[PDB]
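Remarks on the structure that follows.
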Amino acid sequence: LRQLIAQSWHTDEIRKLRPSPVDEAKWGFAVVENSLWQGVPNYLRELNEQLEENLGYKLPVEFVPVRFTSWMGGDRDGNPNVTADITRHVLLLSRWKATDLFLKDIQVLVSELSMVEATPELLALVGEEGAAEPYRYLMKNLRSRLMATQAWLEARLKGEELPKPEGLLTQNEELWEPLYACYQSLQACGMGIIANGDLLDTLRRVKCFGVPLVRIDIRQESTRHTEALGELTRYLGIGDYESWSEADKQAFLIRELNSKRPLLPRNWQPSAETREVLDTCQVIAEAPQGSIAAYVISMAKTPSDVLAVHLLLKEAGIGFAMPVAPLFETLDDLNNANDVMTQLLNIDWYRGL
Amino acid sequence: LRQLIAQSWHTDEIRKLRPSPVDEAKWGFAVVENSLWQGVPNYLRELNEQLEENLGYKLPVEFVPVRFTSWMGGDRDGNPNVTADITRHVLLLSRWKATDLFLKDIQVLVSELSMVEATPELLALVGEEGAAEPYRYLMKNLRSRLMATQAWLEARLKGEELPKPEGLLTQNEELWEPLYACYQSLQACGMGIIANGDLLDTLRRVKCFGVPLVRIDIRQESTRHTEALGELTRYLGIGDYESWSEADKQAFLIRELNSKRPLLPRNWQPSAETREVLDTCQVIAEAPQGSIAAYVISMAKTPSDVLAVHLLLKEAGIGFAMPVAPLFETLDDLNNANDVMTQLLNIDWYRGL
Amino acid sequence: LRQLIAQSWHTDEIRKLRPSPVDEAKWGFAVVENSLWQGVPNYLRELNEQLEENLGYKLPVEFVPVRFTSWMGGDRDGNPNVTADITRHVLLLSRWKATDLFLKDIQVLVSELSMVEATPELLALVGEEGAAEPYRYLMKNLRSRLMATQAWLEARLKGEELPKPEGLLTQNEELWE
């Protein structure tokens with residue numbers, strides 16, 4: 001205890017400079033491995049135990065009701081330092097850290113799960129060369145898989161381009177598949193005490209953290225979206241979005257959201273601010289599905305604020321549903337919140353989105 | 001002579017299979033190094049000598065009135081085997097062969113051009129570490145430059161992606177600059193006999209062949225362009241290009257050629273044929289400027305046939321002027337040729353293009 | 001002819017420093033490729049032709065009565081500059097140059113020797129995958145063999161140690177076979 005205290009007194013490095021988004025992101029990673037990594041599985045362990053003892057049943061293994069997300073590297077509201085590049089960087093860095101922590105988890109299983117008796121099905125996934133040690137087999141392919149992506153990430157993180165490997169991991173499903181199989185087997189062949197041990201923990205960390213480690217939200221103010229769209233419309237000669245009434249904006253947005261003809265020019269040199277709005281959306285469309293959880297709109301006031309973002313995400317190439325949430329942070333906006341949503345829900349197209 | 005004849009009698013491998021465009025392209029390369037490489041400089045040498053002897057003056061060194069182009073890998077008229085990929089491949093292969101032949105040329109200069117006396121200006125380009133052997137210096141940087149691009153090409157030719165090097169050569173100007181400098185110097189410091197020797201030859205091979213070795217033309221029939229455009233318009237709900245009168249087509253094309261809003265959908269799954277028409281244009285836009293000499297349109301009949309291609313090249317990202325030539329290959333078309341061109345030249349926009 | 005003469009007049013670099021044994025060795029290599037390489041085979045060609053025409057018989061193919069040796073890098077008599085290292089270096093350099101010149105020779109054969117009909121025995125050495133082009137086959141293994149040793153030599157010549165390859169050539173018998 002005396003050394004620990006002494007260390008805190010002599011090892012104190014006050015920041016000389018303002019922290020960057022990447023530093024704040026790393027700070028979040030430290031919280032994950034030093035507390036959340038063990039904390040979530042322990043809470044889930046106790047939750048079930050209390051459910052069965054009082055209610056008479058546990059929750060299915062596949063059910064993990066907890067998820068952790070972050071704003072570090074995603075929230076760019078009034079923060080010019082959070083650029084599309086920083087976000088892109090932070091996204092790779094999270095994936096990298098995820099392989100670091102999962103690697104440790106897998107190393108354990110590769111040592112403990114040495115049992116030989118396994119169910120027929122599992123015996124198939126491994127087949128020949130994997131009948132000697134079925135479980136130990138799958139876990140080693142997972143470790144090779146992980147070291148592969150980690151290796152790639154470290155390269156991309158240094159600014160080095162390189163053809164992505166074969167076993168590159170990008171979806172939690174890829175981690176859950178083999179681990180869940182081992183679990184299923186051990187449970188059947190009479191080894192539940194083992195399955196519900198370290199395996200159950202890693203399995204839960206997959207659905208709570210997964211490949212991205214901690215998903216992130218993107219948040220930007222409605223104004224920036226409006227200004228970028230107005231610049232886009234003026235360039236095309238369509239008119240000035242910034243000066244159209246709410247009705248005209250809605251008309252324009254619904255028309256272009258249903259349009260199959262692109263709107264965004266291929267070779268365009270927009271202003272700095274507008275470009276950031278456009279690049280950020282490009283990062284969202286490129287990042288593996290499951291990396292970004294939601295897109296929050298600060299200062300949301302009208303229905304068009306919500307539709308605007310859906311349009312930009314569309315012209316970005318987004319290939320899936322992206323939760324877009326309005327942020328009402330004003331007395332007036334909060335009072336109108338309900339009207340704004342009522343109007344949105346009355347737009348049949350928006351309901352189907 | 002007896003061995004040579006005997007060789008022809010025992011070394012005869014009749015093609016078992018039909019030749020691919022890449023083979024025909026290689027055949028063209030064989031003509032270049034075994035005859036054109038020496039032939040052009042010798043003809044240019046004699047041309048000047050006769051000009052001065054009879055007219056009393058030679059043509060400026062920078063004036064090389066001869067250029068060689070090829071259709072192998074470019075002409076896809078009625079030839080399904082010439083795909084966008086083959087063309088892309090043949091383009092790299094030509095660049096590669098160009099470095100092979102220029103490498104030999106440069107090796108010579110690196111040996112012969114050892115003189116020390118050089119003009120002040122040249123002494124600058126080399127500066128320190130290059131004053132000992134100014135000429136021998138520049139030529140070695142050119143050789144390093146060449147081996148660099150050649151190395152890269154060999155990688156791309158094998159289907160291996162890799163960050164392009166620094167001294168990558170893509171423009172004849174990059175080869176002409178240093179060589180012409182050496183020439184200028186040697187001429188001033190009283191060494192014209194040397195300058196107008198092997199140097200003058202390589203200098204001429206630069207403007208006649210250059211980096212691409214032999215430029216190529218792309219040729220496709222008007223029909224394919226029409227069918228791809230009709231598919232594009234029907235997909236967008238604009239209408240059916242294939243069924244519009246000549247007037248309507250011209251109207252549509254002139255409108256979209258002046259438009260700043262893209263027309264080509266980002267994520268589109270068109271038919272095989274239409275896709276080939278679109279990819280070919282993408283190859284033209286990606287290839288270094290100076291790789292493709294002209295785009296020929298077989299079966300040209302109307303003004304819209306010419307404008308159609310200009311539109312596709314525009315939606316491809318072409319960043320420069322591309323000679324588009326109509327091909328009148330019919331009695332009727334030849335009789336209308338003049339009217340068709342008169343109408344084209346009456347379109348002010350087309351005149352400025 | 002005028003350019004050739006002019007070149008000799010402007011391209012003259014008198015040695016500033018005394019030549020090293022390695023330079024004298026390279027000079028010898030220049031004599032080999034620019035004159036001896038063609039000269040020996042031409043002399044042997046004429047020798048046989050005259051033997052048969054006057055005596056009535058040619059010498060067996062395996063009989064090559066000419067050999068060239070050198071002292072550059074070997075003679076250290078009263079020459080302190082020829083050390084054990086220089087000799088070791090010159091030895092690698094010769095081997096290297098040998099692969100360079102033989103490489104050119106082999107490239108030719110890989111192009112001309114395309115005939116298909118071959119004797120049973122030869123068909124064996126090539127076997128499967130080599131029946132299509134028996135001769136063209138062996139010559140390509142020889143080229144791979146050569147580029148292998150050449151690659152190794154270039155490494156050793158730069159002072160870089162490295163496990164010697166598999167098809168490393170060290171005996172004329174390996175080329176002759």
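We name chains A, B, ... following the order of the structure tokens; residues begin at 1 in each chain, and ligands are numbered from 1 as shown.
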Near-segment 78-95 of chain C list (12 Å; only C-alpha atoms; drop same-chain fewer than 6 positions) as an mmCIF file with N, CA and C atoms, in the first residue's frame:
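The resulting file, selection33.cif, is shown below:
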```cif
data_model
loop_
_atom_site.group_PDB
_atom_site.id
_atom_site.type_symbol
_atom_site.label_atom_id
_atom_site.label_comp_id
_atom_site.auth_asym_id
_atom_site.auth_seq_id
_atom_site.Cartn_x
_atom_site.Cartn_y
_atom_site.Cartn_z
ATOM 1 N N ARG C 18 45.260 3.607 -58.100
ATOM 2 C CA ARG C 18 45.807 2.325 -58.492
ATOM 3 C C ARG C 18 44.685 1.264 -58.492
ATOM 4 N N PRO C 19 44.594 0.458 -59.561
ATOM 5 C CA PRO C 19 43.561 -0.579 -59.661
ATOM 6 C C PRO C 19 43.694 -1.672 -58.609
ATOM 7 N N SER C 20 42.565 -2.195 -58.160
ATOM 8 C CA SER C 20 42.601 -3.262 -57.175
ATOM 9 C C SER C 20 42.522 -4.599 -57.914
ATOM 10 N N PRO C 21 42.894 -5.695 -57.236
ATOM 11 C CA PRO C 21 42.844 -7.024 -57.855
ATOM 12 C C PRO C 21 41.461 -7.315 -58.429
ATOM 13 N N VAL C 22 40.418 -6.867 -57.732
ATOM 14 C CA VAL C 22 39.048 -7.085 -58.194
ATOM 15 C C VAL C 22 38.794 -6.390 -59.537
ATOM 16 N N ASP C 23 39.444 -5.249 -59.761
ATOM 17 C CA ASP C 23 39.288 -4.526 -61.019
ATOM 18 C C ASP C 23 39.975 -5.291 -62.146
ATOM 19 N N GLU C 24 41.170 -5.797 -61.868
ATOM 20 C CA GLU C 24 41.914 -6.555 -62.856
ATOM 21 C C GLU C 24 41.134 -7.819 -63.189
ATOM 22 N N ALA C 25 40.474 -8.391 -62.188
ATOM 23 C CA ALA C 25 39.675 -9.593 -62.408
ATOM 24 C C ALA C 25 38.500 -9.287 -63.344
ATOM 25 N N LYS C 26 37.843 -8.148 -63.131
ATOM 26 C CA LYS C 26 36.706 -7.737 -63.956
ATOM 27 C C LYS C 26 37.172 -7.508 -65.390
ATOM 28 N N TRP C 27 38.376 -6.964 -65.525
ATOM 29 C CA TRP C 27 38.951 -6.727 -66.843
ATOM 30 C C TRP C 27 39.037 -8.080 -67.577
ATOM 31 N N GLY C 28 39.465 -9.114 -66.857
ATOM 32 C CA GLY C 28 39.556 -10.441 -67.444
ATOM 33 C C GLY C 28 38.193 -10.974 -67.869
ATOM 34 N N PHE C 29 37.165 -10.668 -67.083
ATOM 35 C CA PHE C 29 35.811 -11.100 -67.400
ATOM 36 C C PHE C 29 35.362 -10.459 -68.710
ATOM 37 N N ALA C 30 35.747 -9.200 -68.920
ATOM 38 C CA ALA C 30 35.386 -8.486 -70.141
ATOM 39 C C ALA C 30 35.981 -9.173 -71.373
ATOM 40 N N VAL C 32 36.566 -12.383 -71.592
ATOM 41 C CA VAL C 32 35.807 -13.606 -71.772
ATOM 42 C C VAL C 32 34.510 -13.405 -72.556
ATOM 43 N N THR C 69 42.197 -20.168 -67.591
ATOM 44 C CA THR C 69 42.470 -19.929 -66.181
ATOM 45 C C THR C 69 42.960 -18.476 -66.053
ATOM 46 N N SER C 70 43.025 -17.957 -64.827
ATOM 47 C CA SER C 70 43.471 -16.586 -64.592
ATOM 48 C C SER C 70 44.314 -16.471 -63.323
ATOM 49 N N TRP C 71 45.097 -15.400 -63.230
ATOM 50 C CA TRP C 71 45.940 -15.154 -62.060
ATOM 51 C C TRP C 71 45.402 -13.970 -61.269
ATOM 52 N N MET C 72 44.492 -13.209 -61.879
ATOM 53 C CA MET C 72 43.901 -12.054 -61.210
ATOM 54 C C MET C 72 43.128 -12.529 -59.994
ATOM 55 N N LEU C 101 26.385 -15.023 -67.913
ATOM 56 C CA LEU C 101 26.620 -15.433 -69.288
ATOM 57 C C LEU C 101 25.901 -16.720 -69.680
ATOM 58 N N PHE C 102 25.815 -17.675 -68.761
ATOM 59 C CA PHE C 102 25.135 -18.925 -69.070
ATOM 60 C C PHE C 102 23.630 -18.716 -69.119
ATOM 61 N N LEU C 146 20.074 -21.709 -62.224
ATOM 62 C CA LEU C 146 21.010 -20.597 -62.384
ATOM 63 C C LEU C 146 20.620 -19.317 -61.641
ATOM 64 N N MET C 147 19.371 -18.886 -61.786
ATOM 65 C CA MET C 147 18.899 -17.669 -61.119
ATOM 66 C C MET C 147 18.968 -17.831 -59.609
ATOM 67 N N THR C 149 21.367 -19.713 -57.803
ATOM 68 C CA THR C 149 22.745 -19.511 -57.383
ATOM 69 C C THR C 149 23.145 -18.047 -57.572
ATOM 70 N N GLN C 150 22.764 -17.455 -58.705
ATOM 71 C CA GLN C 150 23.103 -16.056 -58.967
ATOM 72 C C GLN C 150 22.588 -15.156 -57.855
ATOM 73 N N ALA C 151 21.366 -15.440 -57.414
ATOM 74 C CA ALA C 151 20.719 -14.690 -56.351
ATOM 75 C C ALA C 151 21.529 -14.823 -55.069
ATOM 76 N N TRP C 152 21.943 -16.051 -54.771
ATOM 77 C CA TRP C 152 22.731 -16.326 -53.580
ATOM 78 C C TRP C 152 24.070 -15.595 -53.631
ATOM 79 N N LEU C 153 24.748 -15.702 -54.772
ATOM 80 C CA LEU C 153 26.042 -15.061 -54.955
ATOM 81 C C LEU C 153 25.960 -13.560 -54.721
ATOM 82 N N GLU C 154 24.957 -12.912 -55.307
ATOM 83 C CA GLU C 154 24.781 -11.472 -55.138
ATOM 84 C C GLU C 154 24.651 -11.098 -53.674
ATOM 85 N N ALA C 155 24.108 -12.014 -52.881
ATOM 86 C CA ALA C 155 23.939 -11.780 -51.457
ATOM 87 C C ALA C 155 25.283 -11.896 -50.752
ATOM 88 N N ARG C 156 26.012 -12.962 -51.057
ATOM 89 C CA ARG C 156 27.315 -13.199 -50.454
ATOM 90 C C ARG C 156 28.300 -12.121 -50.867
ATOM 91 N N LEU C 157 28.122 -11.600 -52.073
ATOM 92 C CA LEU C 157 29.002 -10.570 -52.608
ATOM 93 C C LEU C 157 28.820 -9.241 -51.882
ATOM 94 N N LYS C 158 27.654 -9.063 -51.269
ATOM 95 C CA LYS C 158 27.351 -7.838 -50.538
ATOM 96 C C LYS C 158 27.693 -7.994 -49.061
ATOM 97 N N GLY C 159 28.201 -9.168 -48.704
ATOM 98 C CA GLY C 159 28.573 -9.429 -47.327
ATOM 99 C C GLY C 159 27.411 -9.934 -46.504
ATOM 100 N N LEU C 168 21.561 -24.875 -55.887
ATOM 101 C CA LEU C 168 22.816 -24.145 -55.992
ATOM 102 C C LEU C 168 23.766 -24.934 -56.881
ATOM 103 N N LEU C 169 24.346 -24.251 -57.862
ATOM 104 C CA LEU C 169 25.282 -24.876 -58.791
ATOM 105 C C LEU C 169 26.705 -24.670 -58.296
ATOM 106 N N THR C 170 27.485 -25.747 -58.278
ATOM 107 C CA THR C 170 28.872 -25.676 -57.829
ATOM 108 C C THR C 170 29.797 -26.552 -58.669
ATOM 109 N N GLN C 171 29.218 -27.372 -59.538
ATOM 110 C CA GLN C 171 30.007 -28.261 -60.381
ATOM 111 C C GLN C 171 29.543 -28.226 -61.833
ATOM 112 N N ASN C 172 30.498 -28.141 -62.752
ATOM 113 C CA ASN C 172 30.194 -28.123 -64.175
ATOM 114 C C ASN C 172 29.330 -29.313 -64.580
#
```
Interface residues on chain B facing chain C, 9 Å, only C-alpha atoms, written as a list in words: residues 7, 10, 11, 12, 13, 112, 113, 114, 115, 116, 191, 193, 194, 196 and 197 of chain B
Since we have the selection now, will you write its residues out, keeping N, CA, C and O atoms, as a CSV table (one decimal), in the first residue's frame?
```csv
chain,number,residue,atom,x,y,z
B,7,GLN,N,15.7,-25.0,-88.1
B,7,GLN,CA,14.9,-24.6,-86.9
B,7,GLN,C,13.5,-24.4,-87.3
B,7,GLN,O,12.6,-24.8,-86.5
B,10,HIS,N,11.6,-27.7,-87.7
B,10,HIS,CA,11.4,-28.6,-86.5
B,10,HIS,C,10.7,-27.8,-85.4
B,10,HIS,O,10.1,-28.4,-84.5
B,11,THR,N,10.8,-26.5,-85.4
B,11,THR,CA,10.2,-25.6,-84.4
B,11,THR,C,9.0,-25.0,-84.9
B,11,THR,O,9.0,-23.8,-85.1
B,12,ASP,N,7.9,-25.8,-85.1
B,12,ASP,CA,6.7,-25.2,-85.6
B,12,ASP,C,5.5,-25.7,-84.7
B,12,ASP,O,5.1,-26.8,-84.7
B,13,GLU,N,5.0,-24.7,-83.9
B,13,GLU,CA,3.9,-25.0,-83.0
B,13,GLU,C,2.6,-24.4,-83.4
B,13,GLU,O,2.3,-23.2,-83.0
B,112,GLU,N,28.2,5.2,-71.8
B,112,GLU,CA,28.8,6.1,-72.7
B,112,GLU,C,28.9,7.6,-72.3
B,112,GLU,O,30.0,8.2,-72.4
B,113,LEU,N,27.8,8.1,-71.7
B,113,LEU,CA,27.8,9.5,-71.3
B,113,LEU,C,28.5,9.6,-70.0
B,113,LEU,O,27.9,9.6,-68.9
B,114,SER,N,29.9,9.6,-70.0
B,114,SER,CA,30.7,9.8,-68.8
B,114,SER,C,31.4,11.1,-68.8
B,114,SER,O,32.1,11.4,-67.8
B,115,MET,N,31.3,11.9,-69.9
B,115,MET,CA,32.0,13.2,-69.9
B,115,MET,C,31.7,14.0,-68.6
B,115,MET,O,30.7,13.8,-67.9
B,116,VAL,N,32.7,14.8,-68.3
B,116,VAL,CA,32.6,15.7,-67.1
B,116,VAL,C,32.1,17.1,-67.4
B,116,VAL,O,31.3,17.6,-66.6
B,191,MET,N,29.9,18.9,-77.9
B,191,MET,CA,29.9,17.5,-78.1
B,191,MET,C,28.7,17.0,-78.8
B,191,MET,O,28.0,16.1,-78.4
B,193,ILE,N,28.4,15.6,-81.7
B,193,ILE,CA,28.5,14.3,-82.3
B,193,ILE,C,28.0,13.2,-81.3
B,193,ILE,O,27.4,12.3,-81.8
B,194,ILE,N,28.3,13.4,-80.1
B,194,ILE,CA,27.8,12.5,-79.1
B,194,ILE,C,26.3,12.6,-78.8
B,194,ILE,O,25.6,11.6,-78.9
B,196,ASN,N,23.9,13.8,-80.7
B,196,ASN,CA,23.1,13.3,-81.8
B,196,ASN,C,23.4,11.9,-82.1
B,196,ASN,O,23.2,11.4,-83.3
B,197,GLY,N,23.9,11.1,-81.2
B,197,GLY,CA,24.1,9.7,-81.4
B,197,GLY,C,23.0,8.9,-80.7
B,197,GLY,O,21.9,9.0,-81.1
```
Check: which chain B residues lie within 10 Å of chain A using only C-alpha atoms, as number ranges by chain: B: 160-163, 232-233, 235-238, 259-268, 315-317, 319
Writing out the chosen residues with N, CA and C atoms as a PDB file, in the first residue's frame:
```
ATOM      1  N   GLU B 160      -1.606  -8.439 -58.043  1.00  0.00           N
ATOM      2  CA  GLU B 160      -1.218  -8.035 -56.704  1.00  0.00           C
ATOM      3  C   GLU B 160      -1.291  -6.530 -56.529  1.00  0.00           C
ATOM      4  N   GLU B 161      -2.117  -6.091 -55.586  1.00  0.00           N
ATOM      5  CA  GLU B 161      -2.255  -4.670 -55.309  1.00  0.00           C
ATOM      6  C   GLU B 161      -1.089  -4.236 -54.435  1.00  0.00           C
ATOM      7  N   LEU B 162      -0.674  -2.986 -54.589  1.00  0.00           N
ATOM      8  CA  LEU B 162       0.444  -2.473 -53.820  1.00  0.00           C
ATOM      9  C   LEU B 162       0.572  -0.970 -54.005  1.00  0.00           C
ATOM     10  N   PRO B 163       0.862  -0.238 -52.920  1.00  0.00           N
ATOM     11  CA  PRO B 163       1.005   1.215 -53.032  1.00  0.00           C
ATOM     12  C   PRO B 163       2.057   1.568 -54.089  1.00  0.00           C
ATOM     13  N   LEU B 232     -30.182   2.514 -69.016  1.00  0.00           N
ATOM     14  CA  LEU B 232     -29.996   3.486 -67.957  1.00  0.00           C
ATOM     15  C   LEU B 232     -31.217   4.388 -67.774  1.00  0.00           C
ATOM     16  N   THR B 233     -31.775   4.895 -68.874  1.00  0.00           N
ATOM     17  CA  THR B 233     -32.939   5.769 -68.783  1.00  0.00           C
ATOM     18  C   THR B 233     -34.180   5.032 -68.282  1.00  0.00           C
ATOM     19  N   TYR B 235     -34.233   2.487 -66.253  1.00  0.00           N
ATOM     20  CA  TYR B 235     -34.035   2.206 -64.842  1.00  0.00           C
ATOM     21  C   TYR B 235     -34.366   3.427 -63.987  1.00  0.00           C
ATOM     22  N   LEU B 236     -33.977   4.607 -64.459  1.00  0.00           N
ATOM     23  CA  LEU B 236     -34.220   5.853 -63.737  1.00  0.00           C
ATOM     24  C   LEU B 236     -35.642   6.375 -63.867  1.00  0.00           C
ATOM     25  N   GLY B 237     -36.432   5.761 -64.741  1.00  0.00           N
ATOM     26  CA  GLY B 237     -37.801   6.209 -64.929  1.00  0.00           C
ATOM     27  C   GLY B 237     -37.927   7.432 -65.829  1.00  0.00           C
ATOM     28  N   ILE B 238     -36.817   7.844 -66.437  1.00  0.00           N
ATOM     29  CA  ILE B 238     -36.782   8.996 -67.327  1.00  0.00           C
ATOM     30  C   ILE B 238     -37.504   8.699 -68.632  1.00  0.00           C
ATOM     31  N   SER B 259     -25.203  19.152 -67.525  1.00  0.00           N
ATOM     32  CA  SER B 259     -25.620  18.942 -66.141  1.00  0.00           C
ATOM     33  C   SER B 259     -24.486  18.669 -65.146  1.00  0.00           C
ATOM     34  N   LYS B 260     -24.607  19.225 -63.941  1.00  0.00           N
ATOM     35  CA  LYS B 260     -23.600  19.013 -62.904  1.00  0.00           C
ATOM     36  C   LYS B 260     -24.037  17.893 -61.980  1.00  0.00           C
ATOM     37  N   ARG B 261     -25.288  17.465 -62.109  1.00  0.00           N
ATOM     38  CA  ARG B 261     -25.785  16.374 -61.281  1.00  0.00           C
ATOM     39  C   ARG B 261     -25.498  15.064 -62.020  1.00  0.00           C
ATOM     40  N   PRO B 262     -24.842  14.111 -61.341  1.00  0.00           N
ATOM     41  CA  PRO B 262     -24.521  12.819 -61.961  1.00  0.00           C
ATOM     42  C   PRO B 262     -25.763  12.124 -62.503  1.00  0.00           C
ATOM     43  N   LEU B 263     -25.566  11.175 -63.404  1.00  0.00           N
ATOM     44  CA  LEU B 263     -26.682  10.457 -64.000  1.00  0.00           C
ATOM     45  C   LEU B 263     -26.577   8.974 -63.688  1.00  0.00           C
ATOM     46  N   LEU B 264     -25.346   8.484 -63.660  1.00  0.00           N
ATOM     47  CA  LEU B 264     -25.074   7.081 -63.405  1.00  0.00           C
ATOM     48  C   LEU B 264     -25.268   6.705 -61.930  1.00  0.00           C
ATOM     49  N   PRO B 265     -26.166   5.745 -61.644  1.00  0.00           N
ATOM     50  CA  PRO B 265     -26.439   5.299 -60.274  1.00  0.00           C
ATOM     51  C   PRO B 265     -25.197   4.705 -59.607  1.00  0.00           C
ATOM     52  N   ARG B 266     -25.044   4.935 -58.304  1.00  0.00           N
ATOM     53  CA  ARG B 266     -23.887   4.422 -57.578  1.00  0.00           C
ATOM     54  C   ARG B 266     -23.915   2.890 -57.491  1.00  0.00           C
ATOM     55  N   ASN B 267     -25.034   2.344 -57.026  1.00  0.00           N
ATOM     56  CA  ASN B 267     -25.190   0.898 -56.912  1.00  0.00           C
ATOM     57  C   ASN B 267     -26.232   0.428 -57.902  1.00  0.00           C
ATOM     58  N   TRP B 268     -25.747   0.020 -59.065  1.00  0.00           N
ATOM     59  CA  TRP B 268     -26.611  -0.428 -60.136  1.00  0.00           C
ATOM     60  C   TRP B 268     -26.156  -1.790 -60.646  1.00  0.00           C
ATOM     61  N   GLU B 315     -19.766  10.628 -67.567  1.00  0.00           N
ATOM     62  CA  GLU B 315     -20.255   9.947 -66.375  1.00  0.00           C
ATOM     63  C   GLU B 315     -19.223   8.942 -65.876  1.00  0.00           C
ATOM     64  N   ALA B 316     -18.089   8.863 -66.567  1.00  0.00           N
ATOM     65  CA  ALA B 316     -17.031   7.934 -66.182  1.00  0.00           C
ATOM     66  C   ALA B 316     -15.964   8.648 -65.360  1.00  0.00           C
ATOM     67  N   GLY B 317     -15.905   9.967 -65.495  1.00  0.00           N
ATOM     68  CA  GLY B 317     -14.931  10.737 -64.749  1.00  0.00           C
ATOM     69  C   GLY B 317     -13.767  11.185 -65.605  1.00  0.00           C
ATOM     70  N   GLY B 319     -11.155  13.077 -67.274  1.00  0.00           N
ATOM     71  CA  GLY B 319     -10.717  14.405 -66.885  1.00  0.00           C
ATOM     72  C   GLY B 319      -9.974  15.181 -67.950  1.00  0.00           C
TER      73      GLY B 319
END
```
Between atom CA of residue 26 of chain A and atom CA of residue 142 of chain A - distance in Å to one decimal: 25.3 Å
Picked from segment 103-161 of chain A by DSSP as alpha helix (DSSP H), as a ChimeraX atom specification: /A:103-112,120-126,134-157
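Between atom CA of residue 96 of chain A and atom CA of residue 210 of chain A lies a distance of 11.4 Å.
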Who sits within 10 Å of residue 85 of chain B, only C-alpha atoms, same chain under 5 positions skipped, as JSON, numbers by chain: {"B": [73, 90, 91, 276, 279, 280, 283]}
What would the file look like if the residues just selected were written as a short mmCIF file (atom, residue, chain, number, x, y, z; two decimals), in the first residue's frame with C-alpha atoms?
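What landed in part00.cif:
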```
data_model
loop_
_atom_site.label_atom_id
_atom_site.label_comp_id
_atom_site.auth_asym_id
_atom_site.auth_seq_id
_atom_site.Cartn_x
_atom_site.Cartn_y
_atom_site.Cartn_z
CA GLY B 73 -6.80 -4.84 -76.68
CA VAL B 90 -2.99 -4.94 -72.04
CA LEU B 91 -2.46 -1.35 -70.90
CA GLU B 276 -19.04 -3.88 -70.30
CA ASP B 279 -16.46 -0.58 -67.36
CA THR B 280 -14.55 0.11 -70.58
CA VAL B 283 -10.70 1.99 -67.78
#
```
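Note that the spacing between atom CA of residue 133 of chain C and atom CA of residue 6 of chain B amounts to 18.4 Å.
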Using only C-alpha atoms, what does the table of segment 222-330 of chain A residues within 12 Å of segment 172-185 of chain A look like, with each row giving the shortest atom pair and its distance in Å to one decimal, sorted by chain and ascending number, as CSV?
```
residue,atom,partner,partner_atom,distance
A:288,CA,A:172,CA,10.7
A:289,CA,A:172,CA,10.2
A:290,CA,A:172,CA,8.6
A:291,CA,A:172,CA,10.5
```
Using the selection just defined, write its residues with N, CA and C atoms as a compact mmCIF listing (two decimals), in the first residue's frame.
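Dumped to result.txt:
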```txt
# COMPACT_ATOMS: atom_id res chain seq x y z
N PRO A 288 -17.78 -1.62 -40.94
CA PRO A 288 -18.57 -2.85 -40.91
C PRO A 288 -19.90 -2.58 -40.25
N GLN A 289 -20.93 -3.29 -40.69
CA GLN A 289 -22.25 -3.11 -40.11
C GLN A 289 -22.18 -3.59 -38.66
N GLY A 290 -22.55 -2.71 -37.73
CA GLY A 290 -22.52 -3.04 -36.32
C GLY A 290 -21.51 -2.20 -35.56
N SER A 291 -20.76 -1.37 -36.30
CA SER A 291 -19.76 -0.48 -35.72
C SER A 291 -20.41 0.78 -35.16
```
Every residue of segment 146-350 of chain A that DSSP places in strand (DSSP E or B), as an NGL selection string: :A and (215-221 or 292-298 or 324-326)
Polymer residues at most 12 Å from segment 131-133 of chain B, only C-alpha atoms, same-chain spacing of 3 or more positions, as a ChimeraX atom specification: /B:110-128,136-140,182 /C:11,13
Residue neighbourhood residue 157 of chain B, 8 Å, only C-alpha atoms, exclusion window fewer than 5 positions, as a list in words: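 Near residue 157 of chain B, the qualifying residues are residues 89, 92 and 93 of chain B.
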Export N, CA, C and O atoms of the chosen residues as a PDB file, in the first residue's frame?
```
ATOM      1  N   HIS B  89      -5.517  -4.919 -68.642  1.00  0.00           N
ATOM      2  CA  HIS B  89      -4.326  -5.759 -68.595  1.00  0.00           C
ATOM      3  C   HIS B  89      -3.330  -5.362 -69.677  1.00  0.00           C
ATOM      4  O   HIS B  89      -2.150  -5.130 -69.402  1.00  0.00           O
ATOM      5  N   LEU B  92      -1.322  -2.252 -68.952  1.00  0.00           N
ATOM      6  CA  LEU B  92      -0.224  -2.395 -67.999  1.00  0.00           C
ATOM      7  C   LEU B  92       0.957  -3.080 -68.690  1.00  0.00           C
ATOM      8  O   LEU B  92       2.116  -2.660 -68.553  1.00  0.00           O
ATOM      9  N   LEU B  93       0.635  -4.130 -69.439  1.00  0.00           N
ATOM     10  CA  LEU B  93       1.606  -4.918 -70.183  1.00  0.00           C
ATOM     11  C   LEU B  93       2.417  -4.046 -71.152  1.00  0.00           C
ATOM     12  O   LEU B  93       3.622  -4.252 -71.315  1.00  0.00           O
TER      13      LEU B  93
END
```
